[PDB]
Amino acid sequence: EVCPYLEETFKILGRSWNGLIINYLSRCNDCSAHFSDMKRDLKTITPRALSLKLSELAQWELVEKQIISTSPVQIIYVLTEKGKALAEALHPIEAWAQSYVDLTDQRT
């Protein structure tokens, strides 16, 4: 029967965007990006979806929202060590994806 830690982990992983967002941040310089970077490179995410996800990720303490006192002010999203570790745990998923997924496949 089922690992309740794994159950908990899918409460974030088993929803839209979370996995892709933490993977994207793990690849950025300093593991950080602005709202507009993520919207641009995630391609099909809406601003409202991106805002909600970032806020849930901040609650899960996977992503940190930092106010930077530059002029004008910058707002950057940065992976926590906990988030960075989760990002590492996704590499073999990436590997599986490049081995087994065919993008031409059709489904209902």
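Each residue number is its position in the shown sequence, starting from 1.
Colleague: If you average the CA temperature factors as listed in the entry, which stretch comes out higher, 99 to 107 or 1 to 9?
Modeller: Averaged over C-alpha atoms, the B-factors run higher in 1 to 9.
Colleague: As stated in the PDB record, which stretch has the larger average Cα B-factor, 87 to 95 or 18 to 26?
Modeller: Comparing averages over the C-alpha atoms only gives 87 to 95.
Colleague: Going by the CA temperature factor in the PDB record, which third of the chain does residue 39 belong to: lowest, middle or highest?
Modeller: For residue 39, whose C-alpha B-factor we compare with every modelled residue in the chain, the answer is the middle third.
Colleague: Could you look up the Cα B-factor of residue 32 in the entry and say which third of the chain it sits in: lowest, middle or highest?
Modeller: Bottom third by C-alpha B-factor.
Colleague: With respect to C-alpha B-factor, does residue 82 fall in the lowest, middle or highest third of the chain as deposited?
Modeller: Residue 82: CA B-factor falls in the highest third of its chain.
Colleague: Test of reading the entry: by CA B factor among the chain's modelled residues, which third contains residue 55?
Modeller: Its C-alpha B-factor belongs to the middle third of this chain's values.
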